[PDB]
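S.K.: Below is the structure I would like to discuss, written out as structure tokens.
Quick reminder, even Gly has a Cβ in these numbers, built from the backbone with ideal geometry, and neighbours come from all protein chains shown. Each answer follows from the model by the rule given with it, or from the source it names; these are not laboratory values.
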Ligand SMILES: Brc1ccc(Oc2c(Br)cc(Br)cc2Br)c(Br)c1
């Protein structure tokens, strides 16, 4: 919404840049004007053949007499028109180079200045300006927004003026050559603008319906693939597939309806557009029979107007490119034009010599940019005598850290003054002030260069001697010399990450080359290891003694030797003095001392598509007919002008043009019929395989075991995405792109034959010219993409050192050295600058060539079409036919290169979709094999079980686990932590087979048992029960599948679960909908329902996995009261964390490092004193 003045945007264009754009836009207008003139000559060539075509047939008496005056007229006329033609091609060759080169030249020159001025402006802002902004968005604003500006001031403006030239020039030649046909052509324009306006309303409203249609199926997939362990445990994998298959069945019905209506729309609009033209052209014929327009003049206006009409559309993108570049330049120039109060680039203010360093802070009130919300310094008073070292102490707020901020004048104070020596800080030059102030901050930062360079960031003029004495005076010399490569080592976020106490020591050495008169040490010892803290602290004490120093830390070790100590309370300075006096005061300081003491040939995807042997042959045969039918419109147009030029006697003409215009309309409707058929067949053929694919994928997805769903690669979102994308993509490859790719090869094929058998060698010539201008058009785009990737790689190096400069900014400005990053950025940009100059010459050459190759190609079409061809007993009516046939057949092959990525993007989406079906699990619930024992009573034997999780085979959970539990008794499961308590329940559900050892139930190893039948006897209840969106009766009936559960049966379980108070209280009762779609209830009710579905199954085994995890107050007392009643009649395993509710258990087992450690009844483990006694004691006392 915000934008920029047009002149301010070009403020960096001066002298030559203003000229380049002028010559550029000039040649751009010359370029545009060239085309409607080229079509104007196409009319004069018609009248030459028409004056001879009428007189050649007017004879029927003399033959050799027509070999003289006709051929002479043709000789003088065709050589004239061909000479003019060769002239236009040389013109476009020059102006197209001038057009693109000059504009790209002005673009590159300015963006170089923009980028330099922009980065210079970024470094000029004061710190308060950064505290209110996002540096990441700013740096992306530096590289992205400058690109948008370049796109708008580049050759796009030349294209814009070239287009308006065609538009004006087309309608000038239109109006002058004929004021009637133009008004007629404009009269049908609203119909064309109205038919394509039905497209913007149908697409935008139906693209939502499909994104709404699958959103109903993808919601099933989401709540399924999120609750996968629950459907796996309850075996609803046939139902959850059925529901998805039922929503897939609706999405395909809405997809064929959209296929019916959209193909009805596309054909009807195409028929309206082609009927609109043919009326304007048949109207053209109605004015030649009246001797008011020449048959060649009808063409000149009909082409020039339609050319200029579409030139409007071909200019609209360049308008948006310029406008976006304006609005992109707003926030950029706003930074360049913003002027600071602090500067630091300013050459102003005093530079005191012999600074003795007597600092004082006077009545300083301050607040950081969070402004009226907080005021961190309510008044202040502090002097620090020269040579002395004052220490600032404080409980919190870190108003301590604020004085160092003000002392460098990173901010100016709200009220009061900071005075270095006797002068106010604001009277001294900002840069010189920061140069007489050395800073060592808590988190030290080193830039990605050599140590000597990072030390060189203290002072640019320095020799390895001073670097050596600096690091040796910080006792940082001993440890870097042992490091390889000496001073030439590397540091940064990338490479050679060092110890913190060593980085701080380089920072002290960096600040030491500064030889500052003032020193500020902010928590430089804080947050550092204890051993190296002394190594650095010795350098700090050796860094002072020559300077006046303010130091802030929470280490009361460094503070004793300070000549003065200062305490803060609420931004108010409270206590000050030597260490002993503060202890005698027994105030804030004394208080704190005591406290601290693969693209491949995939045919099988088409073999699945072979489910429909028809519907394809219908469309292909229909598309090839439509292919063969398109050039027949060019044949008609050829003979509507052909018989009109080859007329002779004029009486028969008027009756013939009516017959032709009639047949064309019969051919257009027969094209509409074959277009609605080739679009509906492919549409319905691609919609059913979308169901088959999403069905077979979602089926195979439910086949995999919990091992697969645990993968970080496969999350519920990444699976639904993989589920939607791959299925839609393969529909496109077998969809419209194929029907079109066959219609077009049929369109060229049926066009090439007609042209070949008519004009001999005429076609053989055009087939030499067209593939070259097409390849030359392709190679230009390859060079275009090559130049694009290269410059992206080069400015990336510049923006990389821009990222470093602005992300670590508050440090660089503390060290000054901002001019350094400017020059580095300038040198980095100097390569893309000289690159951008060559770009203009390249872009201009390629564009001018592809334009010249099209115009010279046109000259070859007629100079050969006349002369050698028409000096033969030939037919001009054929030369026009081969032009339209071949050129349109070629431009229809131009659609092959556009649908090429639709094939690759689909094969890649097919690559994953064929493997996701074929991948097989280790535990497949689908296998019907397995024993299915007949004996009811349930035991469980864990024997020597070692288990590791396939995602994390590092820390083991189960090592040699061994349990046993008889029928009808409760096995309590206590654990120090982790899923060692929970993995038991997962292995019994056989979510995994154990690595070593085995687990039996009735004595049969579950590994040889039937996987589904096994889980069918298990009453799993977990921490967070997930309930799908449906009737609670259904969430309950989910406990028993392969059979519909009775109402009184799901009542009995709801009675059992003590949830009946809700189920009757509701208005809908058992038919109420749950799942945060229809209704919402608290967790206690959700769990009771999960208990109900658990025992709707009537299992012989309950599995209560911390069932009271998330619960509170009376809700726990009522849920535990339901679980306690659900067991005692069944085999049970309870890992619940309530050991008070575990007291009445038949056997309590303590898990330790995967081994069983203690086990026995409650009082038995209470008699022993150890882990279980400690577990019961710790949470009964607390
Ligand atoms: Br009659 C007649 C035939 C083709 C005409 O232009 C074309 C041409 Br040329 C090709 C195709 Br496809 C469709 C149309 Br409409 C005109 Br205008 C009038």
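S.K.: Check whether at least one residue in the stretch 314-322 is within 16 Å of the ligand (Cβ to nearest atom), within 24 Å of residue 154 (Cβ to Cβ) and within 47 Å of the chain's Cα centre (by Cα), and report yes or no. Walk me through it before giving the result.
M.R.: If we filter the stretch 314-322 for residues that are within 16 Å of the ligand (Cβ to nearest atom), which is where we start, we get none.
No, the stretch 314-322 contains no residue that is within 16 Å of the ligand (Cβ to nearest atom), within 24 Å of residue 154 (Cβ to Cβ) and within 47 Å of the chain's Cα centre (by Cα).
S.K.: Say whether the condition of being touching a helix residue (DSSP H, G or I) at 6+ places or on another chain (Cβ under 7 Å), closer than 23 Å to residue 826 by Cβ and in a helix (DSSP H, G or I) is met by at least one residue in the stretch 126-137.
M.R.: Initial filter on the stretch 126-137 (touching a helix residue (DSSP H, G or I) at 6+ places or on another chain (Cβ under 7 Å)): 127, 130, 135.
Then drop every residue that is not closer than 23 Å to residue 826 by Cβ, which leaves 130, 135.
From the residues that got through so far, the ones that are in a helix (DSSP H, G or I) too are 130, 135.
Yes, the conditions are met somewhere in the stretch 126-137.
S.K.: In addition: Failed condition for residue 629, given (1) within 16 Å of the ligand (Cβ to nearest atom); (2) surrounded by fewer than 19 Cβ atoms within 10 Å (Cβ to Cβ), with all others met?
M.R.: If we test residue 629 against (1) within 16 Å of the ligand (Cβ to nearest atom); (2) surrounded by fewer than 19 Cβ atoms within 10 Å (Cβ to Cβ), just (2) comes out false.
S.K.: A further question follows. From (1) away from the ligand (no atom under 16 Å from the Cβ); (2) surrounded by fewer than 21 Cβ atoms within 10 Å (Cβ to Cβ); (3) more than 30 Å from residue 698 (Cβ to Cβ), pick out the condition that doesn't hold for residue 932.
M.R.: The failed condition is (3).
S.K.: Okay, next question. Could you tell me which of the residues 216, 238, 258 is under 27 Å from residue 710 (Cβ atoms), more than 16 Å from the ligand (Cβ to nearest atom) and part of a helix (DSSP H, G or I)? Steps first, please.
M.R.: On the way: 216 fails: under 27 Å from residue 710 (Cβ atoms); 258 fails: under 27 Å from residue 710 (Cβ atoms).
From the options 216, 238, 258, the qualifying one is 238.
S.K.: From the list 860, 802, 836, 890, which residue is within 16 Å of the ligand (Cβ to nearest atom) and in a helix (DSSP H, G or I)?
M.R.: Working: 860 fails: within 16 Å of the ligand (Cβ to nearest atom); 802 fails: within 16 Å of the ligand (Cβ to nearest atom); 836 fails: within 16 Å of the ligand (Cβ to nearest atom).
The conditions single out 890.
S.K.: Can you confirm whether the stretch 294-306 contains a residue that is closer than 30 Å to residue 161 by Cβ, surrounded by fewer than 20 Cβ atoms within 10 Å (Cβ to Cβ), within 15 Å of the ligand (Cβ to nearest atom) and assigned by TED's automatic domain parsing to the domain that holds residue 36?
M.R.: Yes - at least one qualifying residue is present in the stretch 294-306.
S.K.: Can I ask one more? Tell me the helices (runs of 4 or more DSSP H) entirely within the stretch 973-1071 that contain at least 3 residues that are surrounded by 23 or more Cβ atoms within 10 Å (Cβ to Cβ) and touching a helix residue (DSSP H, G or I) at 6+ places or on another chain (Cβ under 6 Å). Before the answer, list the steps.
M.R.: Working: elements: 983-988, 1011-1015, 1032-1037, 1047-1056, 1060-1065.
So the answer is 1032-1037, 1047-1056.
S.K.: Still on this model: When you scan the stretch 959-974, do you find a residue that is outside the structural domain of residue 1072 (by TED's automatic domain parsing), closer than 22 Å to residue 707 by Cα and within 46 Å of the chain's Cα centre (by Cα), even just one?
M.R.: Taking the stretch 959-974 first, the residues outside the structural domain of residue 1072 (by TED's automatic domain parsing) are 959-974.
From what is left, the residues that are closer than 22 Å to residue 707 by Cα are 959-961.
After this cut, where a residue has to be within 46 Å of the chain's Cα centre (by Cα) as well, the list is 959.
Scanning the stretch 959-974 turns up at least one residue that is outside the structural domain of residue 1072 (by TED's automatic domain parsing), closer than 22 Å to residue 707 by Cα and within 46 Å of the chain's Cα centre (by Cα).
S.K.: Mind listing just one residue for me: the one in the stretch 632-652 that is more than 17 Å from residue 875 (Cβ to Cβ) and in a helix (DSSP H, G or I) and, of those, nearest to the ligand (Cβ to nearest atom)?
M.R.: First pass over the stretch 632-652, keeping only residues more than 17 Å from residue 875 (Cβ to Cβ): 632-633, 649-652.
If we keep only those that are in a helix (DSSP H, G or I) as well, we get 632-633, 651-652.
On the way: 632: 8, 633: 4, 651: 21, 652: 17 Å.
Selected residue: 633.
S.K.: Taking the stretch 612-626 on its own, how many of its residues are crowded, with 23+ Cβ neighbours inside 10 Å and away from the ligand (no atom under 16 Å from the Cβ)? If you could, list the steps in order and put the result at the bottom.
M.R.: Start the filter on the stretch 612-626 by keeping residues that are crowded, with 23+ Cβ neighbours inside 10 Å, which leaves 619, 622-623, 626.
The next check asks that each one be away from the ligand (no atom under 16 Å from the Cβ); those that pass are 619, 622.
Residues meeting the conditions: 2.
S.K.: Restricting the stretch 935-956 to residues that are more than 39 Å from the chain's Cα centre (by Cα) and closer than 15 Å to residue 986 by Cα, which is surrounded by the fewest Cβ atoms within 10 Å (Cβ to Cβ)?
M.R.: First, pick out the residues of the stretch 935-956 that are more than 39 Å from the chain's Cα centre (by Cα): 935-947.
If we keep only those that are closer than 15 Å to residue 986 by Cα too, we end up with 940-942, 945-947.
Details: 940: 20, 941: 18, 942: 22, 945: 22, 946: 16, 947: 24.
Ranking the qualifying residues of the stretch 935-956, first place goes to 946.
S.K.: Do we find a residue being buried (at least 16 other Cβ atoms within 10 Å of the Cβ) and over 25 Å from residue 351 (Cα atoms) anywhere in the stretch 508-521?
M.R.: Within the stretch 508-521, the first condition is being buried (at least 16 other Cβ atoms within 10 Å of the Cβ), and the residues that meet it are 508-514, 516-521.
Applying the additional criterion that residues be over 25 Å from residue 351 (Cα atoms) yields none.
Scanning the stretch 508-521 turns up no residue that is buried (at least 16 other Cβ atoms within 10 Å of the Cβ) and over 25 Å from residue 351 (Cα atoms).
S.K.: Here is a further query. Answer yes or no as to whether residue 1151 is farther than 28 Å from residue 1060 by Cβ, surrounded by 22 or more Cβ atoms within 10 Å (Cβ to Cβ) and under 51 Å from the mean Cα position of the chain (by Cα).
M.R.: For residue 1151, the condition - farther than 28 Å from residue 1060 by Cβ, surrounded by 22 or more Cβ atoms within 10 Å (Cβ to Cβ) and under 51 Å from the mean Cα position of the chain (by Cα) - is met.
S.K.: Just for the stretch 263-293: of the residues that are under 19 Å from residue 303 (Cα atoms) and away from the ligand (no atom under 14 Å from the Cβ), which one is surrounded by the fewest Cβ atoms within 10 Å (Cβ to Cβ)?
M.R.: 292
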